[PDB]
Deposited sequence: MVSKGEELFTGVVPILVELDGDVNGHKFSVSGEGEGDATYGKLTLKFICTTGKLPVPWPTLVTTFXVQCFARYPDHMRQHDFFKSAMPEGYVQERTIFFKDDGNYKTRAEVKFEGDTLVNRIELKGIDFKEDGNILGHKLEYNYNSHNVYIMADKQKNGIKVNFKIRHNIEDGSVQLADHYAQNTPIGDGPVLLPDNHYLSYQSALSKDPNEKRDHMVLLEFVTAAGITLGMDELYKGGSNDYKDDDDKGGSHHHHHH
């Protein structure tokens, strides 16, 4: 049988992203729009800094900017926490530790508002070096592919996730961003608590040649795997 949560994602869904941020007192806001196609695990989003120049590098916000759009193949349909929490939604909390620099703490509420899937985020960053790789804008505008490891936290009626991003610094080096996350349902209804598995990510960053505001165009694909004889 197809669950309610699953059914909400059977076609293309419009997405709205909202972020209010404050990094070392540098305040900024971002809005994003686009759409998600969970059948293909496909996100197409464009973000605008509505407060002027973004005070951190766009790539450092990629992971923050809707895991309900991951492609869960049929055989893994019992392990899709994210869709099972819909439409009421879930809250994602992360801490992102930038090695030898500051940290971001984020809280994102992911829920439907009518037909639109909303990702509403508050981001707080502290302890950054004002001339470091983040506040000094020394990161390249590119992105690596990654696997992301998901485990149940049954005790907390949710999931925990940990992974590493390795941002490319303009000198050929690496700025590690260690991610730790918890996702919890907003509502009181049952959710699917998964066996251990992972999500496989690829991300491409680009620019709109007709856009004069500070912005990022993101194309991202996300597929679940790690659970698998018929052959």
{"item": "Deposited residues absent from the coordinates (by C-alpha)", "value": "66, 230 to 233, 237 to 258"}
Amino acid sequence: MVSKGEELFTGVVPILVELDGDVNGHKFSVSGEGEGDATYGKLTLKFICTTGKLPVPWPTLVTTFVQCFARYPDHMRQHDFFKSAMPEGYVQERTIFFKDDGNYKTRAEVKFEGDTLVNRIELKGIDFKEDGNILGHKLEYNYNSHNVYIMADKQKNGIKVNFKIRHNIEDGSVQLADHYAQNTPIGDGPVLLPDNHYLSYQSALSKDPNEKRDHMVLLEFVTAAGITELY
From here on, numbers count along this sequence of modelled residues.
| query | finding |
| --- | --- |
| Greater mean Cα temperature factor according to the PDB record, 76 to 84 or 132 to 140 | 76 to 84 |
| 194 to 202 versus 173 to 181 - which carries the larger mean C-alpha B factor in the record | 194 to 202 |
| Entry-reported Cα temperature factor of residue 151, expressed as the chain third it lands in | highest |
| Residue 160 CA temperature factor, ranked by third within the chain | highest |
| Chain-relative CA temperature factor third for residue 27 | middle |
| Relative C-alpha B-factor of residue 53, binned into the chain's lowest, middle or highest third | highest |
| Residue 14 - which third its CA temperature factor falls in, relative to the rest of the chain | lowest |
